[PDB]
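> no sequence on hand, only this structure:
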RNA sequence: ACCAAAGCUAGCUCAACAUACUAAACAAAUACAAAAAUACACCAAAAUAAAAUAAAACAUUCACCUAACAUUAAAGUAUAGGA
RNA sequence: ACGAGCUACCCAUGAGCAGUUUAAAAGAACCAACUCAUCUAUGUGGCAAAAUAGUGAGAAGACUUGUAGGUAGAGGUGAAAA
RNA sequence: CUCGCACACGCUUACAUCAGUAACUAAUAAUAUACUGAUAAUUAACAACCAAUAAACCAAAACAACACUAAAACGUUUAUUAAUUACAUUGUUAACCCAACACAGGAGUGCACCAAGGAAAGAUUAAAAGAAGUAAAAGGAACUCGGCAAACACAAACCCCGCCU
Ligand SMILES: [Mg+2]
Ligand SMILES: [Mg+2]
Ligand SMILES: [Mg+2]
Ligand SMILES: [Mg+2]
Ligand SMILES: [Mg+2]
Ligand SMILES: [Mg+2]
Ligand SMILES: [Mg+2]
Ligand SMILES: [Mg+2]
Ligand SMILES: [Mg+2]
Ligand SMILES: [Mg+2]
Ligand SMILES: [Mg+2]
Ligand SMILES: [Mg+2]
Ligand SMILES: [Mg+2]
Ligand SMILES: [Mg+2]
Ligand SMILES: [Mg+2]
Ligand SMILES: [Mg+2]
Ligand SMILES: [Mg+2]
Ligand SMILES: [Mg+2]
Ligand SMILES: [Mg+2]
Ligand SMILES: [Mg+2]
Ligand SMILES: [Mg+2]
Ligand SMILES: [Mg+2]
Ligand SMILES: [Mg+2]
Ligand SMILES: [Mg+2]
Ligand SMILES: [Mg+2]
Ligand SMILES: [Mg+2]
Ligand SMILES: [Mg+2]
Ligand SMILES: [Mg+2]
Ligand SMILES: [Mg+2]
Ligand SMILES: [Mg+2]
Ligand SMILES: [Mg+2]
Ligand SMILES: [Mg+2]
Ligand SMILES: [Mg+2]
Ligand SMILES: [Mg+2]
Ligand SMILES: [Mg+2]
Ligand SMILES: [Mg+2]
Ligand SMILES: [Mg+2]
Ligand SMILES: [Mg+2]
Ligand SMILES: [Mg+2]
Ligand SMILES: [Mg+2]
Ligand SMILES: [Mg+2]
């Protein structure tokens, strides 16, 4: 085996102890008397130091096993920043869920009704894009870290403007950075989705289940795909100190108890610090799932049962030019077995809100070839966005 | 060239007078004269708004669980920021049922407002340019918690030539003794958005007071009156800048002055306490040459500070003030005139 | 309370402002601890005022009114100090019996000088201290040469100071032979 | 050729060089990077009420000085412990083991202001 | 003075780690090796050269891994492959045709029947056919791979005698090893690395190669074409 | 090209090369200090 | 007539003696980039003196040359040396 | 003993390169900043112990450049000119 | 006529106000940013100072859609502990630095090409020789080691040696 330190680096081994410490029944004479090093005298050995009163900052780090919440069962945690190696496959397997290509047809009908559009759609959305991508900053070319949250919030406002026509939308409240802890046991492997998502749109009243019974029972017959060499736990956090309690970010008696939509932004400048589109899809699967599982164990309780009343949660995700749409229906609180009814997830993937953007006129042979603005615009993606915002009313 | 950077949120003792000075602003206590021309609009539900606001307050101060803070000092910045964001976003829609303009509005979240202007003269004290004559320059870099931007302008609170007995305070000192410091970097006039944006006008601003300026801290420093001053100053700066920039987006500047008064509104808040300000910018020419014969002034009306709630306890909001809601409602009910 | 920085307005334009003698040590040994503690502040306020007047005299290009006060006051404070210190240094001699209020050791530094090293307060004991551990109290062998030189140099100086004094006596004896 | 003789000061170096003028540190750097002051490290002036008392910064000139006797450990022993010790040896109640009734302190680590390591500035 | 080597990191990571070149200078600061310095800036990918490395010591058996992606490496001439199994990932040297989305077996198990050899396969030497092509060859069992790592190199297993393998190194010298040592089966990646043409002196400088000296040295006796009988066979087998 | 500007001031370089701490870290340096102390130099070191 | 010119002091030199041999001054600060009160370490070490020069060059050699034993003689003797 | 704050080469860490031409940031082309130093004239105790005026070469590269570090004289460093 | 304003580095009071300049600094004066004295002064929001230990992350910067080869600086989150309590400390002048000089030289970065900075001539005269320039009849290299320099030219060819930057 090739070991990975280097002798030159590793903290130097203690100097070989002075020969006078090898002689039985003899007191070595040390410079410890004069409180400083002297040559000619032997090196003193001291007891590990105990400052009888403990200081909070300057003490040695308490070993992990001493904690009250310490447990010997390794628990695999999924937090906001974990990448899954096989994104959607793994996500599904951990979630015990079947994947369906399009969005639910309820949502598509909601999207294609000419009543549900804003005043001038192409105008307003081309403006929200131009704004987020150019006009919102003083600089020539704003970074992604600014413009991704700006565009998601711009679209949230374009949709929010519809509170005039369907005044049920005032039943919602938005929240930022809530503790979410969903513990569940799957196939002898302990899983916990634990952490904070960016932005969470909550509703006062729950969401109507979007799959007919034919879909649920057709889900009873589906076989989960498996990746043999890779364990399904790959990409998570092995953790020995954790709490198992169902926690949604809110205490009892919260006026807006029902999670509606989760928003996941990828704002990082560098490529390698963002998620592959797939890993992002995984992220929002597992987090949607935790969000749902929380409620599902609040309104029913810790017992593992198939659900007579399916819980539905939504999720959206972003490069800021690229959108990931997700709707999740949770049908099952017993994930221990592989063989029962599986939860359902619809994923509309890789929906481009626009092709490319130019913040400066691109000029060829002293003429203006391409003007400032977006190239190509899909009103479709914003249409779906609007739909998912409008799913309550 | 070299300019003074004016901070809207200030530790300096009386920054209200100084800022009035820099801006040529007159301050009048109490809200602007009520536009009795209002239609019988207020069909408003005060109970749905009590509810809607207390949802925010309670969500922040009680319900929502944050990853545990070791300080336990409970930074009022970290508590009140999401409260204010949620307050604006919530009231915006609820009152957007009544006031359709707020539907077409843009909501700005912590984004820069920059204004740069010239005021007065100076004989340069030191250096190789000592003795020559130069203008005093000022820059305000501001970051309001929230803005509301519209496609059409709000109406004037008083006419353009409206006159007042009260005179703009003339400081005898350099700005330096405020304290204020010179620095130089790019001078920007920026509204919260670039020129190319179709929404050119301001509605109201929301300023959350930073941690240093808490009523408690000031009470410890043997500063009583200052509690008020800090609010004033903030408004007088921010609003001015905003208005100023708006004006200069319309092509107006020191030698074009201004044809129609530019107005905007603002709310300044320690998480508990609120204050309401209205600002009318008339004169854009504060320049040495341009201010010689110029009669006009900029006017700023403001409210005494005042508590929203009293002592949230365990998912109950104990004291509550509807007057505060009513003024917030006033401001959010303003509209462009219709043709 | 800002006026304690200035003399009574009755004194302002006057050349000579008279005043008492400074405190002797002896008169202070008679006062209690509390009264010394107070007198220290009475003396403080006045010293402050006097310094203020001093600088303000320089500013106006004018001579300071009765400058001598500033001397007197200082001595008083100084004297007061000497007294209180006594009562501590007496006291600790009783209780502990150390002649020095600050812990310290006789050491030999890099340069071979024999130095008095004052101690310093640290939260951690001396062998765990990086910075202190990298001082060297001891000399290397080469230093021994330099030490010698020091002595010799010293010896020379003394040697020819002595010879000078001797000489000065002879000269005078032939200038003033009243013996 | 720079400057050898002139003393080294914070005014002299780069930006990175900050060296205080010798005031004492009142605190530490906290979490936010913001600085935290410890109320205990900031010197608390103990000031008596001067108003009701009669003494002045100067003394009358005809008032006499006195024979100058520096206080010694001995004189202080005689003004305090000697009357009590003689009183309790004459009464036979003298106990060479515990002298603490006379004001002797065996060890300094208990009390607030210690004399030998010298816990107090002034 | 004294410089510390950048080569200190204790825990294995697939993540690229940052490194400091030192053109030819030893830790004292003097030049040891001439003509090195100033290439492009490079990150370093830790390579696991022990191909058989059971994840947990609990289950010892021969295990199988998936090849996720095959990437260029700045540090070595061969192309390298990211390889994941169980909970763990590692960088291994990629065999010639190894491609993404692939399956690769790692086994310590010998048997009387040998094995049909695939490419990514790692087997003990004794378990292979006698004509096989091998790379990443251990010397002493449990040591980790040293020999035959360069791009497009392959040795060949020659014979098996007395519970011991005799292999042929790319320099065509013979090497005697225990048959208990692991090797990977195939030719190493990027076979055309030989035929690459550096176009311009600048390109050499990009590789961190400073030019030769300008000094003219007359050729010595060491120069000429020496024809030497091929050296005796190296044996890492320790006789009792 | 033109010469004599060879000294380009830095306080950091100065105090690292010739500073007190630098002189005291090696025995040779300590001997420098010792010599100057002997000769009675006003400034032992930078 | 300008520029100038004259002092006799400052101190020094060499020995004697002498106790004994790192002076004086230390409140704080001083080995962070000396003079910057306050945080878990590291710390430390030795190897022959060489050559210029003399030998009319230079190759073995070349007194004294930072190691206590002085003085009167034995004696520039016995010895040692490209003798 | 002291020197790499100049210079040679390195190591870290930053910073610059506009316009034009080209499918091209190709040790391509034109030409600034920038970097060099071709040829001539001045200058020769000079403005200068190596400069000035013109004129020239390179100008996304084996490019220029800031800051902090390294290598030391029996040595270092060197696209060798001792 | 046009090297301007700022910052870093470096300099350390050379900066400011009042007064003085017989002489001392300015290579002369007038007077004064530079000589003399006295008296003052740069105020933090900018800047420096300003947490460790585990754990998931293979996926460049180039308007980044996606790629090229030389394979690339720059962080999130999760967990475990992090004294908790207004106001800490320090840099803030200048016309400045390295060149022995108040030196036509050397000096990083950001913005500007003027709105900012500055003055080629102490006063005369209008000799030679010298320097820098503009113009020139007819001729057009006859000059000269060489079309060196200069030009209303700014093109073509051929060798030698080195492949090329
Ligand atoms: Mg010097
Ligand atoms: Mg400094
Ligand atoms: Mg500086
Ligand atoms: Mg503070
Ligand atoms: Mg390499
Ligand atoms: Mg390679
Ligand atoms: Mg070669
Ligand atoms: Mg050669
Ligand atoms: Mg020199
Ligand atoms: Mg000789
Ligand atoms: Mg001779
Ligand atoms: Mg000779
Ligand atoms: Mg000799
Ligand atoms: Mg012989
Ligand atoms: Mg260097
Ligand atoms: Mg270019
Ligand atoms: Mg080129
Ligand atoms: Mg030139
Ligand atoms: Mg010419
Ligand atoms: Mg040129
Ligand atoms: Mg060219
Ligand atoms: Mg060319
Ligand atoms: Mg160095
Ligand atoms: Mg030799
Ligand atoms: Mg050499
Ligand atoms: Mg040669
Ligand atoms: Mg100087
Ligand atoms: Mg002055
Ligand atoms: Mg003069
Ligand atoms: Mg300045
Ligand atoms: Mg002249
Ligand atoms: Mg002439
Ligand atoms: Mg001529
Ligand atoms: Mg001509
Ligand atoms: Mg002619
Ligand atoms: Mg001819
Ligand atoms: Mg001829
Ligand atoms: Mg020519
Ligand atoms: Mg020609
Ligand atoms: Mg021609
Ligand atoms: Mg060539």
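All right, it came through fine. Numbering: from 1, shown residues only, chains lettered A, B, ... in the order given. Ligands and ions are numbered 1, 2, ... in the order given.
> my guess is residue D:38 contacts residue D:28. True?
Yes: Residue D:38 is within contact range of residue D:28, at 7.3 Å (criterion: Cβ atoms under 8 Å). Quick note: C-beta positions are derived from backbone N, CA and C, even for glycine.
> between those two, what contacts are shared?
Between them, residue D:38 and residue D:28 share no contacting residue under Cβ atoms under 8 Å, 6 or more residues apart in numbering or on different chains.
> may I see the buried residues of stretch B:141-161?
B:141-142, B:144-150, B:153-154, B:156-158 (16 or more other Cβ atoms under 10 Å in any protein chain shown).
> output the residues you listed as TSV; include the columns secondary structure and distance to residue C:149.
Below are the buried residues of stretch B:141-161 laid out as TSV (DSSP: H, G, I helix; E, B strand; the rest coil; distance: Cβ to Cβ, whole Å):
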residue	secondary structure	distance to residue C:149
B:141	strand	66
B:142	strand	70
B:144	coil	74
B:145	coil	74
B:146	strand	78
B:147	strand	79
B:148	strand	84
B:149	strand	83
B:150	strand	89
B:153	coil	90
B:154	coil	90
B:156	coil	92
B:157	coil	90
B:158	coil	91
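> for those, which one is nearest residue E:6?
Taking Cβ to Cβ as the measure, residue E:6 lies nearest residue B:141 of the buried residues of stretch B:141-161, at 42.0 Å.
> dump the buried residues of stretch B:141-161 into CSV; add distance to residue A:140 as well.
Formatted as CSV, the buried residues of stretch B:141-161 follow (distance: Cβ to Cβ, whole Å):
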residue, distance to residue A:140
B:141, 18
B:142, 21
B:144, 23
B:145, 26
B:146, 26
B:147, 22
B:148, 26
B:149, 21
B:150, 26
B:153, 29
B:154, 31
B:156, 36
B:157, 38
B:158, 40
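> pipe those residues into JSON lines and attach distance to chain D per row.
Output for the buried residues of stretch B:141-161, formatted as JSON lines (distance: Cβ to the nearest Cβ, whole Å):
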{"residue": "B:141", "distance to chain D": "21"}
{"residue": "B:142", "distance to chain D": "22"}
{"residue": "B:144", "distance to chain D": "22"}
{"residue": "B:145", "distance to chain D": "19"}
{"residue": "B:146", "distance to chain D": "24"}
{"residue": "B:147", "distance to chain D": "27"}
{"residue": "B:148", "distance to chain D": "31"}
{"residue": "B:149", "distance to chain D": "32"}
{"residue": "B:150", "distance to chain D": "37"}
{"residue": "B:153", "distance to chain D": "41"}
{"residue": "B:154", "distance to chain D": "39"}
{"residue": "B:156", "distance to chain D": "44"}
{"residue": "B:157", "distance to chain D": "41"}
{"residue": "B:158", "distance to chain D": "44"}
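> nearest to chain F among those?
Among these, residue B:141 lies closest to chain F (Cβ to the nearest Cβ), at 33.2 Å.
> what about residue D:61, how many neighbours?
9 (other Cβ atoms under 10 Å in any protein chain shown).
> against RNA strand G, how distant is the residue of chain C found nearest ligand 2?
In chain C, the residue that lies nearest ligand 2 is residue C:131 (22.8 Å; Cβ to the ion). Between residue C:131 and RNA strand G the computed distance is 5 Å (Cβ to the nearest atom of the strand, to the nearest Å).
> and residue C:90, by the same measure?
Taking Cβ to the nearest atom of the strand, one finds residue C:90 at 17 Å from RNA strand G.
> I'd assumed that residue was in a helix, is it?
Yes: read with DSSP: H, G, I helix; E, B strand; the rest coil, residue C:90 is one of the residues of a helix.
> ok, it to residue D:72 distance?
Computed as Cβ to Cβ, to the nearest Å, the residue C:90 to residue D:72 distance reads 6 Å.
> joint contacts of these two?
Joint contacts of residue C:90 and residue D:72 (Cβ under 8 Å, 6+ apart) do not exist.
> so these two - more neighbours on which side?
Applying other Cβ under 10 Å to residue C:90 and residue D:72 shows that residue C:90 carries more neighbours, namely 17 against 13.
> which residues touch the more buried one?
D:71, D:72, D:73, D:75, D:76.
> want to throw those into TSV with distance to chain F and secondary structure?
Below are those laid out as TSV (distance: Cβ to the nearest Cβ, whole Å; DSSP: H, G, I helix; E, B strand; the rest coil):
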residue	distance to chain F	secondary structure
D:71	41	coil
D:72	41	coil
D:73	40	helix
D:75	45	helix
D:76	44	helix
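> list the buried residues in the helix or strand hosting residue C:80.
Using DSSP states H and E, the element containing residue C:80 is helix C:68-95. Along helix C:68-95, these residues count as buried under the neighbour rule (16+ other Cβ under 10 Å): C:69-70, C:72-73, C:76-77, C:79-80, C:83, C:86, C:89-95.
> please apply the same query to stretch F:29-46.
F:29, F:30, F:31, F:33, F:34, F:37, F:44, F:45, F:46.
> looking at those, which is nearest chain E?
residue F:29 (14.1 Å).
> can you pull the phi/psi pair for the closest one?
phi -60, psi -50 (degrees, to the nearest 10).
> ok, it touching residue F:22?
Yes: Residue F:29 lies in contact with residue F:22 (Cβ under 8 Å); the separation is 6.6 Å.
> what's near enough to touch residue E:45?
E:14, E:16, E:17, E:71, E:73, E:75, E:80, E:91.
> dump the residue contacts of the residue lying closest to the third one once chain neighbours are set aside.
Ranked by Cβ to Cβ, 6 or more residues apart in numbering or on different chains and with sequence neighbours excluded, the top spatial neighbour of residue E:17 is residue E:44, at 5.4 Å. With contacts defined as Cβ under 8 Å, 6+ apart, the neighbours of residue E:44 are E:16, E:17, E:18, E:19, E:75.
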